[PDB]
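Residue-level structure breakdown
Each chain is listed here by its residues.
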Amino acid sequence: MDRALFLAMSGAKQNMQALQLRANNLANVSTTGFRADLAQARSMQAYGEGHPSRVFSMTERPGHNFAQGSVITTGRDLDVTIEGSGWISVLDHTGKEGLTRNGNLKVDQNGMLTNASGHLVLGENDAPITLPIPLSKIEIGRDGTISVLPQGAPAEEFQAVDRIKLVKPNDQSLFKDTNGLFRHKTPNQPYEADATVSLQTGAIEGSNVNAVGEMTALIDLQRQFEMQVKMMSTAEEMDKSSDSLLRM
Amino acid sequence: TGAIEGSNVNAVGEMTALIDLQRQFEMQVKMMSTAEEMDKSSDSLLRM
Amino acid sequence: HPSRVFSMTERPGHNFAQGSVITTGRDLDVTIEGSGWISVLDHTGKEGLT
Amino acid sequence: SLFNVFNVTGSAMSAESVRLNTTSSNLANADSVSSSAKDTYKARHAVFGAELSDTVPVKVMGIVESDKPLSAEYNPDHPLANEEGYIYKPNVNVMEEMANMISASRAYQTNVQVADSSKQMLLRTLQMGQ
Amino acid sequence: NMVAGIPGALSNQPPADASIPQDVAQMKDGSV
Amino acid sequence: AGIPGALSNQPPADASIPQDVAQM
Amino acid sequence: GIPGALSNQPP
Amino acid sequence: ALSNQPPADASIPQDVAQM
Amino acid sequence: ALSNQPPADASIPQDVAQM
Amino acid sequence: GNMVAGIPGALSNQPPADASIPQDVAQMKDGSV
Amino acid sequence: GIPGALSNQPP
């Protein structure tokens, strides 16, 4: 039949995919250090012989919202949030390094510093931070310097042991990977530490998802979705009527 | 002791699967209607 | 042609998560902590986990 | 030879009926995690073919599954969950199946019109001269 | 030569939507 | 001729004048 | 022969 | 495709192993 | 109208610069 | 008397796991009786 | 006849 049936179907299909991207945003409102995902549609025309009447649209992710997340003051010593722009460099389960903004850190039984996702926290030597096992008081600095008190030591024996690797690259050069870690679009790009990134210890950075912004985008995808499915029915209606040209 | 354990039914989980069952059920019913519509159309081969 | 595939519903399992615990303040009211069962026999006389 | 037309229209109706049954099995298995064969159901699509080289019949040369990834669901307590609690479901898209249902029905009915119209031409030829 | 492919919804899509298997899309040119 | 602002279905090349449209 | 076609016989 | 031997019945089992 | 050679297919690229 | 038999329509075209046809009737599908 | 056949007469 007419190709407008599939031209509208290819549009309704993308609206559902855009709806899925907004659904993931609202599910992650309470998530810690979550960067909102933007949804956009690209107009692609079928170039060739004939009148230029058919143009497809596909939904794609143009970028992410890198605005500062909601800061939650918790009073916990091992809670860190990046003041302004900046990232925390961590290595995932496989070992590939990446940037994260979740500062819900913790100390394991061996002293290795991890975050809430389990990623190991990189240090001054581009290696995971391993603090002494018998600690007494962890006091993270504003610049990322970790000053710990050995167990049984006097309060005046406060010494720095490591400095968290904070990286502030261009946000437009970062893409979210398959596990929520932002990495460089260009492969084999070294993550260079920055001396301007600051860590506000004792607070946790929340999500930056604008709940109303997603809701008002939802009510427009539904209407656009319903208009296209009416086009599918009216293209079906036209073909059924034209079925009476072979009756003879 | 001193307490009773209720059910573990996730009420919202049941409802969100109910709405999926309705849509899948109704789509298959439309396939039944389009199956008989095709048969009625093809019945004109023998008519003469 | 391999084009006709049927689907039938089945009960692959049950949700064995801990239920909602109701405090009644009754001596003869008990609930299992976490995972476990209570052995009972029905009218027939066959052991069953409840 | 209008009898060759009946082969082309007849082959077309067979091809469109195969696609409809494939669409029926996709709608019935849009939510099926298990299967008889231990592999998750993938959306099926019959492959039409043309041996162009007069009358070129359309032939179904086999069913080919869609290569889109299976839609993973976070169901950690499900018995079939993997190490990370994800169960995998068929990649059937509802909107594209409804278009196939509409397209298969309309393409089926228009070939009946051609066969019926071609039938009249042959009967009219029998009346030639006589 | 023989030309073929998946009809309907999957083929009536932009190539970016990789619904069509790679080898089936090859058949849509020519074969012998 | 007719309409003055008709489009062209050929992909942009910036080097060849599109002859798809009635370029008169 | 469509490369990678499904078959119609128990695996 | 006219054959001389009746076609076998299709089978729709729950498990392909017990078939 | 008619022609002696098959018409070319339609291009639907996500980036016209790469065709 | 080599006949084939069974319930026509919806009952038979379900997969055998439904167990809607009586077993006696379902076994007259291979030409028995 | 059919083993499970129903009768058309009162039981």
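How each quantity is defined
- Residues numbered from 1 in each chain as written, not as in the entry; some residues may be left out.
- Chains lettered and ligands numbered in written order.
- Part of a larger assembly, values for the part shown.
- Heavy atoms only, no water.
- Helix = DSSP H or I, 4+ residues; strand = E, 2+ residues; numbered from the N terminus.
- Buried < 20%, exposed > 50% of the residue type's maximum accessible area, 1.4 Å probe, protein only.
- Areas by Shrake-Rupley, 256 points an atom, 1.4 Å probe, with all protein chains shown as cover.
- Contact = heavy atoms within 4.5 Å.
- Buried area = accessible area lost by both parts, 1.4 Å probe.
- Salt bridge = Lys/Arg side-chain N within 4 Å of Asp/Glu carboxyl O.
- Polar contact = N/O pair within 3.5 Å; in protein donor to acceptor, adjacent residues only side chain to side chain.
- Nonpolar A, V, L, I, M, F, W, Y, C, P; charged D, E, K, R; others polar.
- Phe/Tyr/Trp six-rings, centres within 6.5 Å; stacked < 30°, edge-to-face > 60°.
- Pairing = 2+ DSSP bridges.
- Axes fitted to C-alpha atoms, helices over the stretch in contact; angles between N-to-C directions.

Per the PDB record, this model was obtained through cryo-EM at a reported resolution of 3.03 Å.

For this structure, the PDB entry title reads "Cryo-EM structure of the proximal rod-export apparatus of the polar flagellar motor".

When helices and strands are counted, chain E shows one helix and one strand. Taking the principal axes of its C-alpha atoms as reference, chain E extends roughly 25 × 15 × 10 Å. Taken over 32 residues, chain E has a buried fraction of 50%. With an accessible surface of roughly 1,500 Å², chain E has 51% of that area assigned to carbon and sulfur atoms.

What follows covers the interface of chain E and chain A. With seven residues of chain E in contact, the opposing surface of chain A contributes eight residues. With both chains or domains summed, chain E and chain A bury close to 650 Å², and 67% of this area falls on carbon and sulfur atoms. Counting the surface chain E buries against chain A, the share from its top three residues, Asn12, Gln13 and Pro14 of chain E, is 64%. The interface formed by chain E and chain A contains zero salt bridges. In this assembly, chain E and chain A are joined by two residue pairs in polar contact. The residue inventory of the side of chain E that touches chain A, partitioned by class, reads three nonpolar, three polar and one charged.

Across the boundary between the two partners, chain D contributes 20 residues, which contact 15 residues of chain B. Summing both sides of the interface, chain D and chain B together bury roughly 1,500 Å²; the carbon and sulfur share of this comes to 71%. Linking chain D to chain B there are zero salt bridges. Our enumeration of links across chain D and chain B arrives at five residue pairs in polar contact. Ranked by the residues each element gives to the side of chain D that touches chain B, the list is headed by helix α2 (residues 94-126) of chain D, at eleven residues.

A separate point is the packing of aromatic side chains. Residues and elements named next belong to chain A. If you walk through the whole model with that rule in mind, you get six aromatic pairs over all chains. Pairing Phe66 with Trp87 gives two aromatic rings, centres 6.2 Å apart and planes at 75 degrees, and the pair type is edge-to-face. Residue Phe66 is located in the loop between β4 (64-65) and β5 (71-73), and its partner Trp87 is located in strand β7 (residues 87-91); the two are separated by 21 residues in the primary sequence.

Another aspect to go through is the sheet that holds strand β1 (residues 44-50) of chain D. Read from one edge to the other, the open sheet built from three strands follows the order β2(D)-β1(D)-β1(E), with strand pairing classed as antiparallel. Across the chains shown, the open sheet's two edge strands, defined by having one partner strand only, are β2 (58-65) of chain D together with β1 (3-5) of chain E. The sheet shows a mean angle of 20 degrees between the axes of neighbouring strands, direction not considered. Here three bridges tie β1 of chain D to β1 of chain E, and the two strands are oriented antiparallel to one another. Across the sheet, residue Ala50 of chain D finds its bridge partner in β1 of chain E, namely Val3 of chain E. Packing of helix α1 (residues 2-28) of chain D onto the sheet brings it into contact with β1 and β2 of chain D, and relative to β1 of chain D it is tilted by some 165 degrees.

Structurally, chain B and chain I remain out of contact, their C-alpha atoms never closer than 31 Å. If you take every C-alpha in chain A and every C-alpha in chain J, the smallest gap between them is 30 Å, and the two do not touch.

Residue and element names in this part refer to chain A. Considering all chains together, one arrives at 23 salt bridges over all chains under this definition. Between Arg223 and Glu226 there is a salt bridge, with the nearest N and O atoms lying 3.4 Å from each other. Residue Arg223 and its partner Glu226 are located together in helix α2 (residues 211-241), separated by three residues, close to a single helical turn. Sharing partners across several salt bridges, the network here consists of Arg35, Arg101 and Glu205.

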